[PDB]
Amino acid sequence: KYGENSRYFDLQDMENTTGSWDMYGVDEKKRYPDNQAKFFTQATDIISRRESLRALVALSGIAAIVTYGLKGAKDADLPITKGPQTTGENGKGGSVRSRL
Amino acid sequence: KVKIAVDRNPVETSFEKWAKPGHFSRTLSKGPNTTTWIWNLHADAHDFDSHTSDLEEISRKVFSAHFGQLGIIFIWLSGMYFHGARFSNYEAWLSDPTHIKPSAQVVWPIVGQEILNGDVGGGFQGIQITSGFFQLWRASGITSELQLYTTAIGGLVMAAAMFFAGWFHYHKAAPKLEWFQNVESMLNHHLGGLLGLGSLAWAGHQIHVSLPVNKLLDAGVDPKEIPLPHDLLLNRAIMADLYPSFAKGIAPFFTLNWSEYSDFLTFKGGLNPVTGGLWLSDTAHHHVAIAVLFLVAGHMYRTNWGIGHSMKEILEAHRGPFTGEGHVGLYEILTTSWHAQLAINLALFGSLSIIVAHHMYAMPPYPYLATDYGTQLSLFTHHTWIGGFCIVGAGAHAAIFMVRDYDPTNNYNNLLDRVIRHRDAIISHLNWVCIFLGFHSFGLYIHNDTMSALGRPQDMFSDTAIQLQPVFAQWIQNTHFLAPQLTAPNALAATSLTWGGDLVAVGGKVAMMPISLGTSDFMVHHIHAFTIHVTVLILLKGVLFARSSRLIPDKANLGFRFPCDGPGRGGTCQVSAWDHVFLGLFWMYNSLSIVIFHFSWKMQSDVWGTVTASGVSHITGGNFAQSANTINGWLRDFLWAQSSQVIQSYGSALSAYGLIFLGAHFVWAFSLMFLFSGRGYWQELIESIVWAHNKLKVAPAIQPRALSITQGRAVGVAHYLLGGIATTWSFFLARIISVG
Amino acid sequence: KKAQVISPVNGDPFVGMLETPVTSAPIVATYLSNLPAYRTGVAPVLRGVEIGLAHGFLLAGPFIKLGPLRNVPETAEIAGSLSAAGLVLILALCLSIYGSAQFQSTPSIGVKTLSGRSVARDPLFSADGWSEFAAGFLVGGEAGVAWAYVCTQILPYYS
Amino acid sequence: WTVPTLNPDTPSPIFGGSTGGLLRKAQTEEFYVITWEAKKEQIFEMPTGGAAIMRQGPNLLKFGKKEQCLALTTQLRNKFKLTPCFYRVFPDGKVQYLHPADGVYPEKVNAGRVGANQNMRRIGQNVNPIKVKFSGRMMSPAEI
Amino acid sequence: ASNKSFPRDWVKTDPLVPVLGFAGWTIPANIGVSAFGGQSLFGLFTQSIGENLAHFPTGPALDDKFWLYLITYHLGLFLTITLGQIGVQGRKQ
Amino acid sequence: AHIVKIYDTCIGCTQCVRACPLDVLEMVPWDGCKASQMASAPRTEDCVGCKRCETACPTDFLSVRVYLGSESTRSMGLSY
Amino acid sequence: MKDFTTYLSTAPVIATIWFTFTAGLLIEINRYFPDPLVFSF
Ligand code: CLA
Ligand code: CLA
Ligand code: CLA
Ligand code: CLA
Ligand code: CLA
Ligand code: CLA
Ligand code: CLA
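How each quantity is defined
- Residues numbered from 1 in each chain as written, not as in the entry; some residues may be left out.
- Chains lettered and ligands numbered in written order.
- Part of a larger assembly, values for the part shown.
- Heavy atoms only, no water.
- Residues with missing side-chain atoms left out of burial classes, pairs and counts.
- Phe/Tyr/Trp six-rings, centres within 6.5 Å; stacked < 30°, edge-to-face > 60°.
- Helix = DSSP H or I, 4+ residues; strand = E, 2+ residues; numbered from the N terminus.
- Buried < 20%, exposed > 50% of the residue type's maximum accessible area, 1.4 Å probe, protein only.
- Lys NZ or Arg CZ within 6 Å of the ring centre and 35° of its normal.
- Pairing = 2+ DSSP bridges.
- Axes fitted to C-alpha atoms, helices over the stretch in contact; angles between N-to-C directions.
- Contact = heavy atoms within 4.5 Å.
- 1 Å grid on protein atoms, 1.4 Å probe; cavity = no way out; pocket = protein on both sides within 12 Å on 5 of 7 lines; lining within 4 Å.
- Points joined across faces, edges and corners; volume = space filled by probe spheres on them.
- Nonpolar A, V, L, I, M, F, W, Y, C, P; charged D, E, K, R; others polar.
- Buried area = accessible area lost by both parts, 1.4 Å probe.
- Salt bridge = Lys/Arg side-chain N within 4 Å of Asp/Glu carboxyl O.
- Near = heavy atom within 4 Å.
- Polar contact = N/O pair within 3.5 Å; in protein donor to acceptor, adjacent residues only side chain to side chain.
- Parallel < 35°, antiparallel > 145°, perpendicular 65-115°, else oblique.
- Left-handed = near helix turned anticlockwise from the far one by under 90°.
- Core = buried A, V, L, I, M, F, W, Y, C linked by side-chain atoms within 4.5 Å.
- Expected span 1.5 Å × (residues − 1).

- If you check the header, you'll see the entry was determined by cryo-EM and the resolution is listed as 3.42 Å.

This is the structure in structure tokens:
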């Protein structure tokens, strides 16, 4: 027997003598009030598979980034059609020879 | 029963073994056949555990070797005092400390090195010293070169005494073991005798020579008219003229009326405003209190009479619930092994050196020290580096104790055992905190760099943008600046000017001004913490995984120094504790380089400079708070801006630095061949050249072999540290000797 | 002296863990039992939405306060919330591909509790359970970040 | 000498519990189990760290990899002069015997061994790697 | 060895360890010296605690002569309790 | 698994066996040398390739070789 | 005295003595004949 006077390594009882314990894992039901099971399992019915939510993230990622291109014009700090409102360094190019 | 136990004539005195190289060990003795044997002759010379296996003989060896070390130190000090006496301008410096720069070395007029003799002022020519012996000598009261010469002769005599002492105690009267194993008597005698009576004697010397002579020198009379110190010992009435307490003699001391000694044992705080150093009355009072403290502490242990403590009882009484048996068994460890002692003593010794450096820039003790910028920088840097090396040595010898002298039979359930038994938790968490500090402390600089290059300086961490204020250090700064009014009612000032307050200017330059702490200080401090933790990780990992690990279950039987365990199980290069010491050396270099860069730039930007009676104009204009958050800031404003003097020193009296600069680079880059490559390639190349000698019948009858792996690594790190540190030395000295 | 606190795990000094008042103190043990990641009797979807609601609501903050749109008023909240929703999206993708890589083969053999009895295996550790958990995470995280915006807009002395 | 099996009710040496014990190579793949009979109680050194006390009589341990059992075997054999034996245990109840697996530790030659992986030529009588080229996989010329 | 299961009482709660801790440290912590002008190290920052409790949401100044009182007060309060708990001499002294 | 091969210049001095930290070498009877022994490698699936057998061999260019090959979970020495 | 002479016959001592000799010789030549660049003579 394993749990005895220093009699370790019980051969037929491998799940003690090995180090396979659930440290903090309780198991009981009724953690939640009942109808969230209804409201959330009837809500995640669509994307409950491997390909489904993986398609959803593709759809949303595309439909977010591609529209970020042409309606992320909320100043983006500089580039998006706010541009150089001064002729910045056109003729300033070189130090000894100007070169434009 | 502690007593003297000495043996008579153990080892006779003859030159016989000097003609037999490698006589000490059984392996080395048979003579060379390869060139590995030369490096083995030099590698195992001081490995006193690898000649014999007896404690007594090792102890006698280390005792006499200590005497040798002391002797060489005395020869060095004697040289310094002699060179001060004969080849310097010390008296011309005493006549006018400002505008006359300290010089104590003169070169010979040969191929052109005579341009190194600089115009140091005072009708003298030579090389400016930054070692700062002149301020030390003025602090002791030395006014003439004759006294320096006498001190030189005395030093040489003491050196001969030390070498004779070493010879005597190894060959004629060599102590037994149980002389050494009386650690309690050694503690009593060191604490009382050495530290305490040294403090008391030096207090005597200050009170009777250094206080009055410096009082006259700072009063303005030239040094020749000042009375000689034996006139100060013999004639009481002169001391009564200077400090009237001496007219009452030693009556106040023996009747506990100490309040009448308030003329030469003071407690005033800041600095000497006419000098720039500490008040010497404080210094004398300090050594008196130190001596009383240590002389009290030295009567703690039991030697021959019933009173006092035993070390074993003290150790065995301390054991708690979380640590099993506690300290039971550390006394047997710390009286039977020398490497454990070397580990502890090197640790505390090096840390002590670094504290010396910090206090020595913060509160300048010597007269006219704070306005000689080069001396300040050199002293802080030097003690910093020595501290670093000593701490790495502590790591190495703790590892050696783990490998060789550790016996688990005498050490069963114990603090050492439990540390070994959860090394995995220890090293894992130390690894975590290293990575955390890494990301934050260095990513702040990368982020500031990126933001400052992308056109938006408003999204970087700085004093005007997003701010990171060291609120803790500022609060402590104000606490100590306010201390003389609530929590130190009897001091007249703070212990230093870096805590805040006014400015002390000596001869136009700034002695010390309050230091402010901003965002750049926050970031560099966390850089320091990061590198320190990484070095701790490497060294402590070496100590804990020195005997065995999950990778190698028998790493103890391979010894302390070994290269690998083959390419198997993936590859096991560098698993000895020795290689942990090796990588620790690299990281020590890194951390201390950052520390001394921080000190140099912070001082040149916020403390030093001239008082031009128009405010303060610092040397670099005060750009530390705005530039020390970008790596570009360091690379431009520090390395690129401050190298203009070391690169343009050719033709002046400063070109030695601008010429040793490049050599330091060369050695640094030369180390890389030893670090990167491996010995098989060199073995084959050396074999081909051996063929080219076999053709012409110049085959060496000793065999050329390439260096062993460990030696190649060691030589690599030697050249690496030499080149890097020499570069920093040249740069610092050229810069601050040029503009300071 | 006949008093000790620190013990090896369930006797057995030869498993590489040892018990400490950090790991096996009673209040810590009951606390980490009551967290949603250790309950084993509930369906993984619901755990997914609980964990997601928590993590989205906390992830919204730093983008709001420290993002590049943090000084322009009334729109500093929008950009932060949107970016946080993006991060939650990427976390959902990571959960999905982890499910595709980890549980792709046979499971382990056996499991017992600490005060030994043969407890069954957690259904979160199969392909279906993990995929359902990922879907729950997406729903919960997006709901949480949306709630972060809502909570910003109507809250007494938010600043 | 026949191949012996172990008796899994032997006590274990006294030890406090290290970090460095069994990880999950034991839960899924394998773990090794060592056995010896002592004569007097004594303190030995674990090949993970720390010190343990062996019991007067039979003992029993368990380890992760094989070099740990060989390290403890060499230490118990050259220092204390005992006769240990360590097994391999699979995580479903399968026990394999090894070391010595011949009765006699593999230095004293025991008649009745079959030599394997044993080429019968001088080391410099190998073929060039051009003549073993284009085979099923990477081959060293001294593997043929 | 060390043990076989973690004891779920390791802090052996003796109920008069804490009451003697802060009660036997604060009754001599409010004496009155020459050093402060007739004030205590428990009443002089009672003034402070109430003083910057008055203007509530403003976190008090980062140099305000009472952080010293907080830190030096707890530096002794924690010490006297942690040496009180080793007043479990039930088996040791 | 690695490849360990014993060659015929072996003199059977048992150094390789005492150096192996994994017990993959053993001495078999042989009739080719003075000691009437020869090493053999019956268990090269336990070898990790540390090459202590090569270091312990006295005869020049060695009578035992360890050719490195495809690693496994036992030939990497992984304990986790 | 024989063993002292043999100690003086070791490699680094003779290296020190001989390199002192060579160095001093070159140094004296560079003192008495300052700044040589070409031979022409
Ligand atoms: C330990 C510190 C130290 C250092 C770094 C120096 C350094 C220097 N001293 Mg100096 N000195 C010292 C201590 C020191 N001294 C002491 C303690 C004294 C008092 C005795 C002096 C007295 C002194 C004088 C009087 C002079 C110097 C001079 C010099 C400079 C030129 C030296 C020279 O040309 O050597 C010359 C080279 C040699 C003598 C070569 C000797 C090498 C032999 C052959 C090696 C043989 C090996 C052997 C086994 C080991 C030696 C054993 C020993 C007993 C001989 C140089 C900067 C000169 C100077 O400053 O001029 C401006 C000078 O005139 N020194
Ligand atoms: C008051 C007595 C006294 C004093 C002053 C010292 C002082 C010292 N001991 Mg020491 N020691 C003492 C008693 C004392 N010990 C006793 C009682 C024991 C036996 C238990 C030892 C055993 C011991 C060992 C085993 C070692 C020392 C070492 C040292 C030196 C440490 C190096 C250092 O920093 O010195 C700073 C340098 C100085 C202070 C220079 C001053 C030196 C002069 C000679 C003063 C020495 C006073 C001398 C001991 C009195 C006897 C002189 C003799 C002629 C009878 C230091 C000189 C270590 C050492 O360096 O060995 C050489 C060392 O290894 N001691
Ligand atoms: C440890 C260092 C030290 C030393 C060496 C001295 C030494 C001295 N102090 Mg002094 N002092 C010290 C620390 C020290 N002090 C400290 C720390 C303080 C602050 C509290 C003072 C405060 C102080 C005051 C206020 C005064 C002195 C004075 C003196 C001098 C006279 C002492 C006296 O009146 O008779 C004390 C008597 C003795 C010490 C006995 C000496 C016995 C001799 C040496 C024995 C020789 C016998 C031998 C067989 C002779 C050989 C014969 C043959 C071979 C020829 C004396 C030179 C007085 C003085 O002269 O002022 C200038 C004085 O007024 N000191
Ligand atoms: C109080 C200081 C102290 C003492 C007494 C010792 C003593 C010892 N150490 Mg140790 N150590 C120390 C500090 C110290 N160390 C520090 C600070 C470090 C960190 C760098 C180390 C790192 C260290 C390692 C890594 C090892 C030792 C070892 C040893 C032992 C053998 C030493 C030997 O044979 O050297 C022989 C002498 C030399 C090799 C001299 C060469 C040193 C360098 C190359 C010269 C320095 C260059 C110089 C500064 C500039 C060059 C000038 C010019 C030529 C250009 C011996 C017990 C070894 C051991 O195994 O212990 C048993 C070992 O492996 N130590
Ligand atoms: C500049 C070169 C350099 C760098 C960056 C590092 C970095 C590191 N070394 Mg190291 N090392 C170096 C040179 C360097 N070393 C050299 C030359 C030696 C020889 C002596 C060593 C020897 C050495 C040892 C012996 C050890 C380390 C350790 C470490 C780690 C410390 C933890 C840390 O700060 O990570 C944080 C990472 C950084 C600070 C790097 C910058 C990260 C940036 C700022 C942010 C990253 C985000 C990134 C941009 C996102 C990617 C986007 C992209 C995919 C598109 C770290 C990985 C120690 C370790 O691992 O333990 C903790 C350790 O034990 N090193
Ligand atoms: C500073 C960097 C540096 C330097 C100087 C060298 C120099 C050399 N390398 Mg290279 N190497 C380097 C970096 C460097 N390497 C790096 C980073 C790597 C990558 C790992 C390599 C990889 C490498 C390989 C793989 C090979 C070389 C080879 C060579 C040699 C080429 C022959 C030659 O130029 O002779 C000139 C030699 C010198 C300039 C050496 C300096 C000698 C000094 C000037 C004399 C000493 C002065 C004085 C007496 C010292 C007093 C100090 C006292 C304390 C002793 C030469 C020794 C090859 C070789 O050996 O071919 C024959 C070769 O096979 N190296
Ligand atoms: C070429 C590659 C690339 C591109 C195009 C970008 C683009 C961007 N980066 Mg970026 N980055 C990159 C590589 C890249 N990065 C890499 C390699 C690194 C690591 C070194 C970073 C690290 C980095 C940081 C640290 C930050 C950015 C930020 C940004 C944004 C700045 C624009 C702005 O002013 O904020 C305006 C921002 C917005 C208007 C928010 C838009 C949020 C996304 C795009 C919309 C999501 C839509 C929604 C979630 C979909 C709904 C799903 C549904 C299920 C509900 C912009 C989207 C900033 C950012 O966005 O964080 C706040 C920022 O702080 N980057």
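Now, onward.
Remarks on the packing of aromatic side chains
- Scanning the entire structure with this criterion turns up 70 aromatic pairs over all chains.
- Judged by centre distance (5.5 Å) and plane angle (55 degrees), the rings of B:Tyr657 and B:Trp729 are tilted. On the criterion of sequence distance, the pair formed by B:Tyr657 in helix α24 (residues 655-676) and B:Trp729 in helix α26 (residues 709-739) is long-range, its members being 72 residues apart.
- The partly exposed category is assigned to B:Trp729, whose relative accessible area is 43%.
- The rings of B:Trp385, B:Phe389, B:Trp578, B:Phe582, B:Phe586, B:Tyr589, B:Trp668 and B:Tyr720 are connected pair by pair, giving a single aromatic cluster.
- Over the aromatic face of B:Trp279 sits the side chain of B:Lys268, whose NZ or CZ is 4.4 Å from the ring centroid.
- In this structure, B:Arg421 is placed above the aromatic ring of D:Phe15, and the distance from its NZ or CZ to the ring centre is 5.8 Å.

Details of the sheet that holds strand β1 (residues 31-35) of chain D
All names here are of chain D.
- The strand order β1-β4-β5 describes an open sheet built from three strands, whose pairing is antiparallel. The sheet terminates laterally at β1 and β5 (94-97), the two strands that pair on one side only. Strand-to-strand, the axes of this sheet are offset by a mean angle of 30 degrees, without reference to chain direction.
- Pairing between β1 and strand β4 (residues 85-90): five bridges, direction antiparallel. Note that in β4 the partner of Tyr32 across the bridge is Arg88.
- Along the sheet, helix α2 (residues 66-78) contacts β1 and β4; its crossing angle with β1, the most-contacted strand, is approximately 15 degrees.

Notes on empty space enclosed by the protein
- One number sums up the size of the largest cavity: a volume of about 120 Å³.
- Taken together, 14 residues make up the lining of the largest cavity; nearest its centre are D:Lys65, D:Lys66, F:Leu22, F:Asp46 and F:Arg74.
- Grouping the constituent residues of the lining of the largest cavity by class yields four nonpolar, two polar and eight charged.

With respect to the arrangement of the chains
- Regarding chain C and chain G, the two do not touch, and the least distance separating their C-alpha atoms is 56 Å.
- No interface is formed between chain F and chain G, the nearest pair of C-alpha atoms being 33 Å apart.

Some remarks on the interface of chain C and chain E
- On the side of chain E, 10 residues touch chain C, which itself brings 15 residues to the contact.
- Together chain C and chain E conceal approximately 1100 Å² of surface at their shared face, both sides included; 59% is due to carbon and sulfur atoms.
- The interface formed by chain C and chain E includes zero salt bridges.
- For the side of chain C that touches chain E, a count of residues per class yields seven nonpolar, six polar and two charged.

Description of the site of ligand 3
Residue and element names in this part refer to chain B.
- Every residue lining ligand 3 is accounted for by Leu200, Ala201, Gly204, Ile207, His208, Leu233, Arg236, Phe246, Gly249, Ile250 and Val288.
- Taking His208, its side chain carries an N or O atom lying 3.2 Å from a nitrogen atom of ligand 3.
- No other element matches helix α7 (residues 183-219), which puts five residues into the shell around ligand 3.
- Residue composition of the shell around ligand 3, by class: seven nonpolar, three polar and one charged.

Concerning the site of ligand 2
All names here are of chain B.
- Among the 13 residues in the neighbourhood of ligand 2, the closest are listed as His66, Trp179, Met186, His190 and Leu194.
- In the model, an oxygen atom of ligand 2 is placed 2.6 Å from a nitrogen or oxygen of the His66 side chain.
- In this structure, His190 approaches ligand 2 through a side-chain N or O atom, which is 3.3 Å from a nitrogen atom.
- Only α2 (55-86), α6 (177-180) and α7 provide two or more residues apiece to the shell around ligand 2.
- Its residues placed into classes, the shell around ligand 2 shows eight nonpolar, five polar and no charged.

Focus on the interface of chain C and chain A
- Chain C puts 43 residues into the contact, and the matching count from chain A is 32 residues.
- Taken over both partners, the interface formed by chain C and chain A buries close to 3500 Å², and the fraction arising from carbon and sulfur atoms is 63%.
- Counting the surface chain C buries against chain A, the share from its top three residues, C:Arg39, C:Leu46 and C:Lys112, is 18%.
- Joining chain C to chain A, the criterion identifies two salt bridges.
- Across the salt bridge formed by A:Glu28 and C:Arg39, the nearest N and O atoms sit 3.9 Å from each other.
- Here chain C is connected to chain A by 13 residue pairs in polar contact.
- For the side of chain C that touches chain A, the element with the most residues is helix α4 (residues 127-153) of chain C, which contributes seven residues.
- Here the side of chain C that touches chain A is composed, by residue class, of 23 nonpolar, 13 polar and seven charged.

Concerning the packing of helix α15 (residues 373-405) of chain B against α26(B)
Residue and element names in this part refer to chain B.
- Orientation of α15 relative to α26, taken along the N-to-C sense of each, is 165 degrees, at an axis distance of 9 Å. As judged from the angle between their axes, α15 and α26 are roughly antiparallel. Relative to α26, the crossing made by α15 is right-handed. Within the contact between the two elements, α15 uses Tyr373, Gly374, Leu377, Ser378, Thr381, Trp385 and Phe389 and α26 uses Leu721, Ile725, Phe732, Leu733 and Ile736.
- Residue composition of the contact of α15 with α26, grouped by class: nine nonpolar, three polar and no charged.

Considering the environment of B:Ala160
- Along the chain, B:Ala160 falls in helix α5 (residues 145-172).
- B:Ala160 sits 85 residues away from B:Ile75 along the chain, and the two C-alpha atoms are 8.7 Å apart.

Some words on the nonpolar core
- Among the nonpolar cores identified, the biggest contains 70 residues, and B:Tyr90, B:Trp137 and B:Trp634 are the most heavily contacted of them.
- Looking at this core element by element, the count peaks at 12 residues for helix α20 (residues 577-606) of chain B.
- F:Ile6, F:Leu22, F:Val24 and F:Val64 belong to the second-largest nonpolar core, a separate cluster that totals 22 residues.

What about the side chain of D:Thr10?
- Take D:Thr10: it is sitting in the segment before α1 (25-28).
- Residue classification places D:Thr10 among the buried positions, given a relative accessible area of 12%.
- Setting aside its immediate chain neighbours within four residues, D:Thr10 contacts A:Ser6, A:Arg7, A:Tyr8, D:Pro58, D:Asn59 and D:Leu60.

Concerning α20(B)
Residue and element names in this part refer to chain B.
- Counted at 1.5 Å a residue, the expected span for α20 with its 30 residues is 44 Å, and the 43 Å between its end C-alpha atoms agrees.
- Counting buried positions along α20 gives 25 out of 30 residues, so the element sits mostly inside the fold.
- Of the residues that open α20, the one with a side-chain oxygen 3.2 Å from the backbone nitrogen of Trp578 is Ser576.

Observations concerning unusual backbone geometry
- In this structure, D:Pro100 follows D:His99 across a cis peptide bond, with omega equal to 20 degrees.
- Tracing the backbone through its elements, the reader meets D:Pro100 in the segment after β5.
- In the Ramachandran plot, B:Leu256 falls in the positive-phi region, its phi being about 60 degrees despite a non-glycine side chain.
- By secondary structure assignment, the location of B:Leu256 is in the loop between α10 (251-254) and α11 (280-297).
- Since its relative accessible area comes to 69%, B:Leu256 is described here as exposed.
- Its identity is not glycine, yet C:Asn10 carries a phi of approximately 55 degrees, on the positive side.
- Tracing the backbone through its elements, the reader meets C:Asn10 in the loop between β1 (7-8) and β2 (18-19).

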